[PDB]
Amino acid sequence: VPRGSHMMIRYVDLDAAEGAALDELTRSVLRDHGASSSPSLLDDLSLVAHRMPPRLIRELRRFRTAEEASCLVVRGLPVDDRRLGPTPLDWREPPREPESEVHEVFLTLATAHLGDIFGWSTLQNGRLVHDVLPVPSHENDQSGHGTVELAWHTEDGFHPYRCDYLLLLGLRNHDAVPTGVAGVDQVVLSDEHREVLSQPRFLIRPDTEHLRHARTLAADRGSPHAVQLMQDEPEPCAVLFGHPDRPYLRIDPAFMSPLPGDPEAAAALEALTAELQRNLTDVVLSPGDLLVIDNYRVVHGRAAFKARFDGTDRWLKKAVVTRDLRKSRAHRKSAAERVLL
């Protein structure tokens, strides 16, 4: 480290036949299995996912395995703006048209080539595919439902079982609102700072949205919620981890701080923060664009924009993947279930 800027993002452009094959496959699969989250689809996910165009499978497998580019941008998925229908005003509200579920299938199949798709009880009702869109009364939130600038972060950076890969699929983005991404492989940083960041001298806390639902889940249940405990008594942890010659990253400026009375930890963090800010790079998700982010090597944010709440607003589908679901067994209700409690 550091590696060059061109190495960070790899672009794949699907041709017409590949795009058409995916459109046909995903509609047919939705028809047969009933839903993008269907148990019948999940039980057979690998098999169905290997009916996708071979070149996409190879690109996805390579991206995961070789660990070269930290972001994979796949463009060319057919998306019809009319058939898609208006953007829902809330993730809770069902869409006018069933069309967006076809593209949820695409996302769900893509996860098979990366690892185990999973969800959170404390986000969108434990759904395996999220809707990223603006929601009234959340304009000022640091979440996917805000309109104020979304500070860049590791996805669920606080949680030890946060995702390995984050998938964002553009469905509608008329105003070309960019997603910011910066890679730990591109960071210039002193050996002094790296060693401090590699020690457990930092407290990273859950974000507003997780806590909102954690509070009500502890009410409906008897027991306290692990997420609530992570806010109140966060365990000290490292920001850089893995192999020190090319480490992985765990960071969330808006919901973290160094240990108190630890100036070298604070200085190291601001030094790392400044670099990630410097190398922040815009990726505009157009309809059909899939962005695969290595959540162990990348931070991402999203620019401020103006929501209209009139059916034309920015709309993404989102899925998270863990390379090993079994490591979160103690936070799940049974071995096979994919939602963390």
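Start at 1 with the first residue shown and count on from there.
Two stretches are in play, 224 to 232 and 115 to 123, and the higher mean C-alpha B-factor belongs to 224 to 232. Higher mean CA B-factor, judged across 233 to 241 and 151 to 159 from the recorded values: 233 to 241.
Per the deposited record, 136 carries the highest C-alpha B-factor of all listed residues (183, 136, 170, 247). Per the deposited coordinates, the residue with the largest Cα temperature factor out of 81, 104, 131, 164 is 81.
In the deposited entry, the Cα temperature factor of residue 43 places it in the middle third of its chain's modelled residues.
Per the PDB record, residue ranking by Cα B-factor puts residue 295 in the lowest third of the chain. The deposited CA B-factor of residue 23 belongs to the middle third of values across its chain. Sorting the modelled residues of the chain by their CA temperature factor places residue 264 in the highest third. Annotation for residue 271: C-alpha temperature factor in the highest third relative to the rest of the modelled chain, per the entry.
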